[PDB]
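Q: Below you will find the structure I want to go over with you.
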Amino acid sequence: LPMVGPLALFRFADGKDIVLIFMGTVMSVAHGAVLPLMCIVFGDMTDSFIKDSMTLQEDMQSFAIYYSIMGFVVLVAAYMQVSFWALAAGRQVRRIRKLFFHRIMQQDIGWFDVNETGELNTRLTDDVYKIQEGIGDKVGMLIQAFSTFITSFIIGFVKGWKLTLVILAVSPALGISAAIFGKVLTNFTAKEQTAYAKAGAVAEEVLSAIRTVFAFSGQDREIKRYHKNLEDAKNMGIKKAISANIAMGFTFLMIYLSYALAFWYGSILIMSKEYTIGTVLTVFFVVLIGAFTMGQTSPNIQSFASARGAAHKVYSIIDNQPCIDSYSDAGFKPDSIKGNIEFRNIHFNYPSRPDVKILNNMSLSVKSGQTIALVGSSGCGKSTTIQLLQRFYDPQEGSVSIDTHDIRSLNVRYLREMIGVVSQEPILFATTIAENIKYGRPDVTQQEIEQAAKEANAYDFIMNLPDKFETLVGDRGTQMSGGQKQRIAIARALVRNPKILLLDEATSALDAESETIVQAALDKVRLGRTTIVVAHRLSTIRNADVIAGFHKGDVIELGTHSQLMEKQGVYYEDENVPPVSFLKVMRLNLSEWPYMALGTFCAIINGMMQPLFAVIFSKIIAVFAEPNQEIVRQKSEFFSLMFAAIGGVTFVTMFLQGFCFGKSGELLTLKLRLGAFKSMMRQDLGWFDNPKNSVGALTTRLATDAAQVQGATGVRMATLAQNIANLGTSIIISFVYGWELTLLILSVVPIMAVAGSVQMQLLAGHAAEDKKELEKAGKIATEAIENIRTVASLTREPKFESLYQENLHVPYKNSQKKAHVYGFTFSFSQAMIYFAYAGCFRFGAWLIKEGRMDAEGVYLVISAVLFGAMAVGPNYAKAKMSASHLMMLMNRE
């Protein structure tokens with residue numbers, strides 16, 4: 001919901017970043033500007049063709065060279081735009097990750113507790129990815145589209161005083177054709193969505209009972225339901241389909257209608273001799289492409305807004321200054337500390353839950369070398385003092401001093417290294433045993449490691465390690481038991497040579513052997529260390545010079561072993577699915593052969609009628625070549641009529657298709673649901689042996705797969721029909737009067753597609769590899785966020801930062817090269833259209849100058865093949881899954 005200004009999305013752009021963004025913006029506007037010039041040169045080519053229809057070599061060459069320069073400019077501009085924007089996004093994302101980490105670590109523990117580890121982890125992964133994508137991918141395309149719309153409007157204004165006005169008039173026509181659309185659509189869709197609830201609920205109740213009500217008696221009962229309720233639903237169902245279709249149908253009419261009128265009005269100018277046919281062609285195309293550009297943008301603006309919201313979150317968590325300056329040199333650095341720690345009259349409340357005044361007037365005093373423990377009831381706030389000394393919480397009041405020095409008046413880092421604390425269950429970080437033991441201090445000799453191993457008796461589990469301390473811990477740090485992990489953590493603490501030691505519940509959850517061994521090691525390290533311990537081990541309490549009473553989060557008593565003893569102590573699916581094909585799906589509807597037949601026939605009509613737009617478009621383009629003028633307006637009126645006719649025949653064919661495919665799909669839905677339910681309900685009592693077939697699971701299966709297969713059986717066939725009809729009609733029309741242009745275009749186009757749309761995000765294999773690596777990049781981040789407690793205990797935030805930037809280094813390179821290759825493929829895909837245009841048009845000029853085709857023919861073939869290729873445009877996977885599910889669920893038994 002919340003959002004931050006557009007400039008704030010690039011608050012971390014250095015000089016290099018701003019120059020990169022500036023070049024990206026300039027190139028984006030260059031692409032946006034070149035597209036409408038592409039349109040204008042297309043119009044001029046049209047004009048030259050019509051003129052020659054009744055002389056071309058020079059102008060043909062000029063237009064071809066213009067086409068070529070436009071193509072080269074497009075290639076270079078696209079490559080540089082995408083590359084620069086991606087590099088800027090990568091640099092920004094690297095800076096964002098670094099600063100987000102260095103601010104997270106700068107936050108105290110309370111900040112972490114407010115934001116659960118899951119939320120922070122999903123931020124650091126998903127929201128950072130979203131920032132990267134939004135900025136880099138979409139900012140440039142958004143700017144390009146805005147520039148394209150501006151260029152289209154300026155061209156429409158300069159070339160057309162009123163030509164944009166008829167288009168402005170169709171604009172409300174779709175606006176109100178979004179109202180004729182709107183009323184019917186909204187009301188009848190509400191009706192239909194209400195309607196399905198009948199079958200939904202009838203199925204739900206009985207598939208929740210499942211024979212519990214003696215429901216075999218209700219086998220006939222539900223059957224009657226499907227005799228009525230299903231029959232009702234399909235009725236509503238078919239209505240919805242027709243409803244939906246008419247909407248689209250209506251849309252078609254208006255847009256086609258709009259086209260017609262615009263064309264008509266244009267003719268009125270040309271015969272009136274205030275416009276040129278090429279001028280109306282170019283202005284119409286530029287306004288059309290300008291309109292399409294906004295539709296393309298819509299997802300781009302959605303992505304921009306999403307990235308901006310994620311950016312608000314990230315920047316907010318970046319600019320939140322902590323309640324602790326863990327880095328600066330604020331405070332004293334005595335360099336010689338006695339080791340006595342005293343807390344007097346301390347208060348504190350949790351940042352998240354202020355009602356917890358557990359920290360109540362601590363009045364504890366510990367002298368140098370004065371080993372003192374802590375006792376109390378479980379969960380009585382004992383760990384509060386441990387967090388306090390750890391500089392986890394800021395006492396708003398109360399004096400906490402280490403030898404007459406306010407802890408708050410001392411540098412955090414200056415004090416952390418001289419205090420050592422193990423973790424609750426120290427999670428050996430994602431590294432080897434050697435690094436884990438090393439993490440006590442950045443540098444230390446192996447002799448200290450040997451001494452720590454002897455002190456912790458770690459040897460006991462060191463004989464069998466492949467390379468002793470160099471041995472790798474394991475996978476996920478879930479290979480060694482609790483005792484050995486505790487011992488290695490203790491050794492890691494020891495190597496730090498801390499002056500004051502603290503342990504939190506470090507003596508528990510261990511086997512007898514392990515617990516005694518760790519207790520022995522702990523006692524052996526007790527010497528020369530004033531340790532305030534937190535655990536529930538009786539010996540630790542017993543072996544202590546002085547003992548304290550920590551009950552209810554406050555000191556109740558202090559002093560000798562005997563006095564505290566008196567103080568009421570504790571004692572006191574292709575592979576899975578068999579061979580199955582859509583032929584099964586059709587044959588299941590053998591009773592519906594005529595209806596599938598009529599649907600097929602209507603689909604093939606739709607298929608034929610898509611190309612005829614091309615024939616009529618070529619004819620309207622090339623009609624103006626005629627010397628006469630009365631025939632010109634007569635034929636323009638004729639083509640207006642024929643555009644209306646294609647609109648109407650589109651209306652009727654969409655109606656028949658909606659009707660027939662609704663009937664067929666819905667009757668298939670009824671038959672599938674009937675066969676299914678009969679199969680499940682006629683089976684024996686034990687079919688519930690598989691928990692996967694739960695009431696919820698069966699309900700979702702029946703609800704979804706039914707509609708999905710409805711879509712499958714019909715839409716798959718209709719789409720295949722439309723594509724085959726389009727391609728066949730295009731190839732056939734090209735072959736009527738062309739043996740070579742057919743081949744030339746059928747070559748350049750598909751080889752543009754194979755190297756075009758598909759490559760952008762699929763080819764070269766390593767794109768998926770770097771995507772996977774970015775996916776696993778957070779492997780260290782998730783560990784760090786969860787272990788931040790122990791990271792603070794041992795001050796490893798710089799160390800984990802170094803490791804994280806290291807692990808990011810390679811990711812940086814893969815992201816860079818993936819961006820470069822993606823930019824290359826995108827630029828090539830963009831340029832291939834220009835290259836094909838130039839090649840085909842020059843070839844046609846060749847073939848007419850030799851006298852094979854005709855300007856009518858060249859324009860018709862080129863436009864028809866182009867629109868057919870662009871007119872070709874997921875459910876087959878879900879279609880097959882639903883089909884196989886129902887078949888294996890009904891055919892058996």
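Letters for chains follow the order of the structure tokens (A, B, ...), residue numbers begin at 1 for each chain, and ligand numbers begin at 1 in the order shown.
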What's the 8 Å shell around residue 241 in chain A, counting only C-alpha atoms, without same-chain residues fewer than 3 positions away, as a ChimeraX atom specification?
A: /A:237-238,244-245,658-659,662
Q: Create the file for the chosen residues now, containing N, CA and C atoms and written as a PDB file, in the first residue's frame.
A:
```pdb
ATOM      1  N   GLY A 237     -23.980 -22.049 -16.919  1.00  0.00           N
ATOM      2  CA  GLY A 237     -22.692 -22.117 -17.582  1.00  0.00           C
ATOM      3  C   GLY A 237     -22.752 -21.633 -19.016  1.00  0.00           C
ATOM      4  N   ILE A 238     -23.599 -22.254 -19.840  1.00  0.00           N
ATOM      5  CA  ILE A 238     -23.598 -21.895 -21.255  1.00  0.00           C
ATOM      6  C   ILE A 238     -23.919 -20.418 -21.416  1.00  0.00           C
ATOM      7  N   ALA A 244     -19.884 -13.919 -22.175  1.00  0.00           N
ATOM      8  CA  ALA A 244     -18.502 -13.521 -22.391  1.00  0.00           C
ATOM      9  C   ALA A 244     -18.255 -13.280 -23.870  1.00  0.00           C
ATOM     10  N   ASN A 245     -18.636 -14.245 -24.707  1.00  0.00           N
ATOM     11  CA  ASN A 245     -18.346 -14.113 -26.125  1.00  0.00           C
ATOM     12  C   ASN A 245     -18.938 -12.830 -26.681  1.00  0.00           C
ATOM     13  N   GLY A 658     -19.436 -19.588 -29.323  1.00  0.00           N
ATOM     14  CA  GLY A 658     -19.763 -19.573 -27.912  1.00  0.00           C
ATOM     15  C   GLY A 658     -20.867 -20.554 -27.591  1.00  0.00           C
ATOM     16  N   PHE A 659     -21.949 -20.516 -28.367  1.00  0.00           N
ATOM     17  CA  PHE A 659     -23.070 -21.408 -28.103  1.00  0.00           C
ATOM     18  C   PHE A 659     -22.635 -22.865 -28.155  1.00  0.00           C
ATOM     19  N   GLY A 662     -19.877 -23.899 -25.603  1.00  0.00           N
ATOM     20  CA  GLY A 662     -20.474 -23.965 -24.284  1.00  0.00           C
ATOM     21  C   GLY A 662     -21.282 -25.232 -24.100  1.00  0.00           C
TER      22      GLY A 662
END
```
Q: So which residues touch residue 482 in chain A within 10 Å, counting only C-alpha atoms, skipping near sequence neighbours fewer than 6 positions away, as a PDB file with N, CA and C atoms, in the first residue's frame?
A:
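Result file is part.pdb:
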```pdb
ATOM      1  N   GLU A 425      21.605 -23.097  21.659  1.00  0.00           N
ATOM      2  CA  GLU A 425      22.055 -24.249  20.882  1.00  0.00           C
ATOM      3  C   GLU A 425      22.921 -23.701  19.757  1.00  0.00           C
ATOM      4  N   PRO A 426      24.190 -23.422  20.035  1.00  0.00           N
ATOM      5  CA  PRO A 426      25.059 -22.816  19.019  1.00  0.00           C
ATOM      6  C   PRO A 426      25.015 -23.561  17.701  1.00  0.00           C
ATOM      7  N   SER A 508      22.047 -28.499  29.337  1.00  0.00           N
ATOM      8  CA  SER A 508      20.741 -29.137  29.249  1.00  0.00           C
ATOM      9  C   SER A 508      20.659 -29.835  27.897  1.00  0.00           C
ATOM     10  N   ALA A 509      19.609 -30.640  27.731  1.00  0.00           N
ATOM     11  CA  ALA A 509      19.337 -31.324  26.467  1.00  0.00           C
ATOM     12  C   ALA A 509      20.563 -32.098  25.988  1.00  0.00           C
ATOM     13  N   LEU A 510      21.048 -32.998  26.838  1.00  0.00           N
ATOM     14  CA  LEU A 510      22.232 -33.781  26.529  1.00  0.00           C
ATOM     15  C   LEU A 510      22.099 -35.169  27.136  1.00  0.00           C
ATOM     16  N   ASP A 511      22.822 -36.116  26.546  1.00  0.00           N
ATOM     17  CA  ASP A 511      22.899 -37.459  27.090  1.00  0.00           C
ATOM     18  C   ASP A 511      23.756 -37.451  28.352  1.00  0.00           C
ATOM     19  N   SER A 514      27.405 -37.173  27.566  1.00  0.00           N
ATOM     20  CA  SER A 514      27.666 -35.829  27.066  1.00  0.00           C
ATOM     21  C   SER A 514      27.514 -34.794  28.169  1.00  0.00           C
ATOM     22  N   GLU A 515      26.481 -34.932  29.003  1.00  0.00           N
ATOM     23  CA  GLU A 515      26.228 -33.916  30.017  1.00  0.00           C
ATOM     24  C   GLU A 515      27.349 -33.891  31.049  1.00  0.00           C
TER      25      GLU A 515
END
```
Q: Taking only C-alpha atoms into account, which of A:417, A:797, A:59, A:204 comes nearest residue 500 in chain A?
A: A:417
Q: So how far away is CA of residue 867 in chain A from CA of residue 289 in chain A, in Å?
A: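 Distance reported for this atom pair: 14.3 Å.
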Q: Which residues come within 8 Å of range 461-471 of chain A, counting only C-alpha atoms, excluding same-chain residues fewer than 3 positions away, as a list in words?
A: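 So, after excluding close chain neighbours, the residues are residues 432, 433, 434, 458 and 484 of chain A.
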Q: How many Å lie between CA of residue 492 in chain A and CA of residue 377 in chain A, rounded to one decimal?
A: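 Separation between CA of residue 492 in chain A and CA of residue 377 in chain A: 29.2 Å.
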Q: Residues at most 8 Å from range 110-114 of chain A, counting only C-alpha atoms, excluding those fewer than 3 positions away in the same chain, as a CSV table (one decimal) with C-alpha atoms, in the first residue's frame?
A:
```csv
chain,number,residue,atom,x,y,z
A,107,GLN,CA,19.9,-2.7,14.7
A,117,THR,CA,13.2,-13.9,10.9
A,350,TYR,CA,10.5,-4.9,25.6
A,351,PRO,CA,10.3,-2.7,22.5
A,352,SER,CA,7.5,-5.0,21.1
A,392,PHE,CA,21.0,-6.1,23.8
A,393,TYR,CA,18.7,-3.6,25.6
```
Q: Write out as JSON lines the residues of range 69-104 of chain A that have any atom within 7 Å of an atom of range 121-134 of chain A, one row each with the nearest atom pair and its distance in Å to one decimal, counting only C-alpha atoms, sorted by chain and then rising number.
A:
```
{"residue": "A:89", "atom": "CA", "partner": "A:132", "partner_atom": "CA", "distance": 5.6}
{"residue": "A:90", "atom": "CA", "partner": "A:132", "partner_atom": "CA", "distance": 6.9}
{"residue": "A:93", "atom": "CA", "partner": "A:132", "partner_atom": "CA", "distance": 6.1}
```
Q: Produce a file of the selected residues containing N, CA, C and O atoms, as a PDB file, in the first residue's frame.
A:
```pdb
ATOM      1  N   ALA A  89      20.861  -1.362 -12.469  1.00  0.00           N
ATOM      2  CA  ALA A  89      20.079  -2.123 -11.506  1.00  0.00           C
ATOM      3  C   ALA A  89      20.970  -3.025 -10.669  1.00  0.00           C
ATOM      4  O   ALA A  89      20.777  -3.147  -9.458  1.00  0.00           O
ATOM      5  N   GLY A  90      21.953  -3.666 -11.297  1.00  0.00           N
ATOM      6  CA  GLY A  90      22.842  -4.544 -10.556  1.00  0.00           C
ATOM      7  C   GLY A  90      23.683  -3.800  -9.537  1.00  0.00           C
ATOM      8  O   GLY A  90      23.830  -4.244  -8.397  1.00  0.00           O
ATOM      9  N   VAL A  93      21.473  -2.779  -6.733  1.00  0.00           N
ATOM     10  CA  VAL A  93      21.075  -3.910  -5.902  1.00  0.00           C
ATOM     11  C   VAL A  93      22.225  -4.358  -5.013  1.00  0.00           C
ATOM     12  O   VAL A  93      22.015  -4.749  -3.862  1.00  0.00           O
TER      13      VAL A  93
END
```
Q: What's the 9 Å shell around range 717-731 of chain A, counting only C-alpha atoms, without same-chain residues fewer than 4 positions away, as a PyMOL selection string?
A: chain A and resi 599-600+602-611+712-713+735-736+742+746+861+864-865+868-869+871-873
Q: Name the residues of range 434-651 of chain A that fall into strand (DSSP E or B) according to DSSP on the backbone, using the chain letters and numbers of this document, as a ChimeraX atom specification.
A: /A:472,500-504,530-534,546-550,555-559
Q: Write a file of the selected residues as a short mmCIF file (atom, residue, chain, number, x, y, z; two decimals), in the first residue's frame, keeping N, CA, C and O atoms.
A:
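selection.cif, written as the output of this step:
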```
data_model
loop_
_atom_site.label_atom_id
_atom_site.label_comp_id
_atom_site.auth_asym_id
_atom_site.auth_seq_id
_atom_site.Cartn_x
_atom_site.Cartn_y
_atom_site.Cartn_z
N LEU A 472 34.85 -31.08 7.62
CA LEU A 472 33.61 -30.34 7.41
C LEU A 472 32.54 -30.84 8.37
O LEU A 472 32.43 -32.04 8.64
N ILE A 500 35.15 -11.88 30.99
CA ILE A 500 33.90 -12.19 31.68
C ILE A 500 33.07 -13.09 30.78
O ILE A 500 32.90 -12.80 29.59
N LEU A 501 32.58 -14.19 31.35
CA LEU A 501 31.87 -15.21 30.59
C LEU A 501 30.42 -15.30 31.04
O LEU A 501 30.11 -15.11 32.22
N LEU A 502 29.54 -15.59 30.09
CA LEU A 502 28.13 -15.83 30.36
C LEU A 502 27.67 -17.02 29.54
O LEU A 502 28.11 -17.21 28.40
N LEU A 503 26.80 -17.84 30.12
CA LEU A 503 26.21 -18.97 29.43
C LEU A 503 24.71 -18.93 29.61
O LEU A 503 24.22 -18.66 30.71
N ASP A 504 23.97 -19.19 28.53
CA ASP A 504 22.52 -19.29 28.59
C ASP A 504 22.09 -20.72 28.28
O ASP A 504 22.45 -21.27 27.23
N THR A 530 35.24 -15.03 35.96
CA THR A 530 34.01 -14.68 36.67
C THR A 530 32.84 -14.88 35.71
O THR A 530 32.58 -14.04 34.85
N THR A 531 32.14 -15.99 35.87
CA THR A 531 31.09 -16.40 34.95
C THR A 531 29.74 -16.31 35.64
O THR A 531 29.53 -16.96 36.67
N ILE A 532 28.84 -15.52 35.08
CA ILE A 532 27.44 -15.53 35.48
C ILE A 532 26.70 -16.48 34.56
O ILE A 532 26.52 -16.20 33.36
N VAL A 533 26.26 -17.61 35.10
CA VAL A 533 25.75 -18.72 34.30
C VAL A 533 24.23 -18.73 34.38
O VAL A 533 23.64 -18.31 35.38
N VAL A 534 23.60 -19.22 33.32
CA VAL A 534 22.15 -19.36 33.24
C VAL A 534 21.84 -20.77 32.75
O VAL A 534 22.07 -21.08 31.58
N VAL A 546 29.50 -17.60 45.72
CA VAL A 546 28.37 -16.75 46.05
C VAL A 546 27.24 -17.07 45.08
O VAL A 546 27.48 -17.35 43.90
N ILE A 547 26.01 -17.03 45.58
CA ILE A 547 24.83 -17.36 44.80
C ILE A 547 23.79 -16.27 44.98
O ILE A 547 23.72 -15.63 46.04
N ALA A 548 22.98 -16.06 43.95
CA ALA A 548 21.99 -15.00 43.89
C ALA A 548 20.60 -15.59 43.69
O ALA A 548 20.44 -16.69 43.15
N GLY A 549 19.59 -14.85 44.13
CA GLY A 549 18.21 -15.24 43.92
C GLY A 549 17.55 -14.41 42.84
O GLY A 549 17.22 -13.24 43.06
N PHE A 550 17.37 -15.00 41.67
CA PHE A 550 16.75 -14.34 40.52
C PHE A 550 15.38 -14.96 40.32
O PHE A 550 15.23 -15.95 39.59
N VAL A 555 16.50 -9.32 41.65
CA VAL A 555 17.28 -9.92 42.74
C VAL A 555 16.45 -9.89 44.01
O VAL A 555 15.86 -8.86 44.37
N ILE A 556 16.38 -11.03 44.69
CA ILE A 556 15.62 -11.14 45.93
C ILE A 556 16.58 -11.32 47.10
O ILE A 556 16.28 -10.92 48.22
N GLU A 557 17.73 -11.93 46.84
CA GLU A 557 18.73 -12.14 47.87
C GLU A 557 20.07 -12.42 47.21
O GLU A 557 20.14 -12.79 46.03
N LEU A 558 21.14 -12.26 47.99
CA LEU A 558 22.49 -12.52 47.52
C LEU A 558 23.28 -13.10 48.68
O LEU A 558 22.96 -12.85 49.85
N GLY A 559 24.30 -13.88 48.36
CA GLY A 559 25.27 -14.19 49.39
C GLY A 559 25.65 -15.66 49.38
O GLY A 559 25.72 -16.29 48.33
#
```
Q: Skip range 566-574 of chain A itself and residues of its chain fewer than 3 positions away, then list as a tab-separated table (two decimals) with N, CA, C and O atoms, in the first residue's frame all residues within 12 Å of it, counting only C-alpha atoms.
A:
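Result went into around-v3.tsv, see below:
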```
chain	number	residue	atom	x	y	z
A	374	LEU	N	23.38	-17.91	38.81
A	374	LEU	CA	22.01	-17.42	38.89
A	374	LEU	C	21.05	-18.59	39.03
A	374	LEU	O	21.18	-19.59	38.33
A	375	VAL	N	20.08	-18.44	39.93
A	375	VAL	CA	19.07	-19.46	40.18
A	375	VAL	C	17.70	-18.81	40.10
A	375	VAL	O	17.54	-17.61	40.32
A	376	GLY	N	16.70	-19.63	39.80
A	376	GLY	CA	15.34	-19.13	39.71
A	376	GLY	C	14.44	-20.13	39.02
A	376	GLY	O	14.87	-21.18	38.53
A	377	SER	N	13.16	-19.78	38.99
A	377	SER	CA	12.17	-20.60	38.32
A	377	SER	C	12.31	-20.47	36.81
A	377	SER	O	12.73	-19.43	36.29
A	378	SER	N	11.95	-21.53	36.10
A	378	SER	CA	12.06	-21.53	34.65
A	378	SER	C	11.23	-20.40	34.05
A	378	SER	O	10.10	-20.14	34.47
A	536	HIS	N	19.86	-24.88	34.36
A	536	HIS	CA	19.11	-25.61	35.37
A	536	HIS	C	19.85	-26.88	35.76
A	536	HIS	O	19.29	-27.98	35.80
A	537	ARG	N	21.14	-26.75	36.04
A	537	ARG	CA	21.99	-27.86	36.45
A	537	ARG	C	22.38	-27.67	37.91
A	537	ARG	O	22.93	-26.63	38.28
A	538	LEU	N	22.11	-28.69	38.73
A	538	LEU	CA	22.23	-28.53	40.18
A	538	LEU	C	23.68	-28.28	40.60
A	538	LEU	O	23.94	-27.44	41.47
A	541	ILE	N	24.91	-24.73	40.46
A	541	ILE	CA	24.42	-23.96	41.60
A	541	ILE	C	25.23	-24.29	42.84
A	541	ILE	O	25.61	-23.41	43.61
A	542	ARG	N	25.51	-25.58	43.05
A	542	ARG	CA	26.18	-26.00	44.28
A	542	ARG	C	27.61	-25.48	44.33
A	542	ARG	O	28.05	-24.92	45.34
A	547	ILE	N	26.01	-17.03	45.58
A	547	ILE	CA	24.83	-17.36	44.80
A	547	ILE	C	23.79	-16.27	44.98
A	547	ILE	O	23.72	-15.63	46.04
A	548	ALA	N	22.98	-16.06	43.95
A	548	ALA	CA	21.99	-15.00	43.89
A	548	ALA	C	20.60	-15.59	43.69
A	548	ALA	O	20.44	-16.69	43.15
A	549	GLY	N	19.59	-14.85	44.13
A	549	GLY	CA	18.21	-15.24	43.92
A	549	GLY	C	17.55	-14.41	42.84
A	549	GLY	O	17.22	-13.24	43.06
A	550	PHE	N	17.37	-15.00	41.67
A	550	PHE	CA	16.75	-14.34	40.52
A	550	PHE	C	15.38	-14.96	40.32
A	550	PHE	O	15.23	-15.95	39.59
A	551	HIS	N	14.37	-14.38	40.97
A	551	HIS	CA	13.01	-14.89	40.89
A	551	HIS	C	12.07	-13.73	40.60
A	551	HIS	O	12.06	-12.75	41.35
A	556	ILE	N	16.38	-11.03	44.69
A	556	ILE	CA	15.62	-11.14	45.93
A	556	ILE	C	16.58	-11.32	47.10
A	556	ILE	O	16.28	-10.92	48.22
A	557	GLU	N	17.73	-11.93	46.84
A	557	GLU	CA	18.73	-12.14	47.87
A	557	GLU	C	20.07	-12.42	47.21
A	557	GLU	O	20.14	-12.79	46.03
A	558	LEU	N	21.14	-12.26	47.99
A	558	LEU	CA	22.49	-12.52	47.52
A	558	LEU	C	23.28	-13.10	48.68
A	558	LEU	O	22.96	-12.85	49.85
A	559	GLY	N	24.30	-13.88	48.36
A	559	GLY	CA	25.27	-14.19	49.39
A	559	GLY	C	25.65	-15.66	49.38
A	559	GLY	O	25.72	-16.29	48.33
A	560	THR	N	25.87	-16.19	50.58
A	560	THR	CA	26.57	-17.46	50.74
A	560	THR	C	25.75	-18.61	50.18
A	560	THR	O	24.55	-18.50	49.91
A	561	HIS	N	26.43	-19.75	50.02
A	561	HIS	CA	25.77	-20.96	49.55
A	561	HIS	C	24.68	-21.40	50.52
A	561	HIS	O	23.58	-21.78	50.10
A	562	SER	N	24.96	-21.35	51.82
A	562	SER	CA	24.00	-21.83	52.80
A	562	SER	C	22.73	-20.99	52.80
A	562	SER	O	21.62	-21.53	52.83
A	563	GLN	N	22.87	-19.67	52.76
A	563	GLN	CA	21.70	-18.80	52.83
A	563	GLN	C	20.79	-19.01	51.63
A	563	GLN	O	19.56	-19.09	51.78
A	577	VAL	N	1.32	-40.50	-15.24
A	577	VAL	CA	0.09	-40.77	-15.99
A	577	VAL	C	0.41	-41.78	-17.08
A	577	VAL	O	1.39	-41.60	-17.82
A	578	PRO	N	-0.38	-42.84	-17.24
A	578	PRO	CA	-0.12	-43.80	-18.31
A	578	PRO	C	-0.33	-43.15	-19.67
A	578	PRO	O	-0.76	-41.99	-19.75
A	579	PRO	N	-0.01	-43.85	-20.76
A	579	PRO	CA	-0.23	-43.26	-22.09
A	579	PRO	C	-1.67	-42.84	-22.30
A	579	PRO	O	-2.57	-43.68	-22.36
A	580	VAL	N	-1.90	-41.53	-22.42
A	580	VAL	CA	-3.24	-40.99	-22.59
A	580	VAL	C	-3.15	-39.77	-23.50
A	580	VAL	O	-2.22	-38.97	-23.38
A	581	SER	N	-4.12	-39.63	-24.40
A	581	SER	CA	-4.10	-38.59	-25.41
A	581	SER	C	-5.49	-37.98	-25.54
A	581	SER	O	-6.49	-38.53	-25.08
A	877	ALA	N	-1.10	-28.08	-20.19
A	877	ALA	CA	-0.55	-28.79	-19.04
A	877	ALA	C	-1.64	-29.11	-18.03
A	877	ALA	O	-1.81	-30.27	-17.62
A	878	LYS	N	-2.41	-28.10	-17.63
A	878	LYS	CA	-3.51	-28.34	-16.70
A	878	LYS	C	-4.60	-29.17	-17.35
A	878	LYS	O	-5.26	-29.98	-16.69
A	879	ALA	N	-4.79	-29.00	-18.66
A	879	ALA	CA	-5.73	-29.84	-19.39
A	879	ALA	C	-5.37	-31.31	-19.23
A	879	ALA	O	-6.21	-32.14	-18.86
A	880	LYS	N	-4.12	-31.65	-19.52
A	880	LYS	CA	-3.68	-33.04	-19.43
A	880	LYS	C	-3.74	-33.54	-17.99
A	880	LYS	O	-4.13	-34.68	-17.74
A	881	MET	N	-3.35	-32.69	-17.04
A	881	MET	CA	-3.38	-33.11	-15.64
A	881	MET	C	-4.80	-33.44	-15.22
A	881	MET	O	-5.05	-34.49	-14.61
A	882	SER	N	-5.76	-32.57	-15.55
A	882	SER	CA	-7.15	-32.83	-15.19
A	882	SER	C	-7.68	-34.06	-15.90
A	882	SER	O	-8.38	-34.89	-15.29
A	883	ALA	N	-7.38	-34.20	-17.19
A	883	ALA	CA	-7.85	-35.36	-17.94
A	883	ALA	C	-7.35	-36.65	-17.31
A	883	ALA	O	-8.13	-37.57	-17.05
A	884	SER	N	-6.05	-36.73	-17.05
A	884	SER	CA	-5.48	-37.94	-16.47
A	884	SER	C	-6.03	-38.18	-15.07
A	884	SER	O	-6.31	-39.32	-14.70
A	885	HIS	N	-6.18	-37.12	-14.27
A	885	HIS	CA	-6.74	-37.29	-12.94
A	885	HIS	C	-8.12	-37.93	-13.01
A	885	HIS	O	-8.38	-38.94	-12.36
```
Q: Apply DSSP to the backbone of this structure and, from range 233-470 of chain A, keep only the residues in alpha helix (DSSP H); write these as number ranges by chain.
A: A: 233-272, 277-319, 383-389, 412-416, 433-438, 446-455
Q: Counting only C-alpha atoms, which residue out of A:669, A:690, A:147, A:267 sits closest to residue 707 in chain A?
A: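 The answer is A:669, which sits nearest to residue 707 in chain A.
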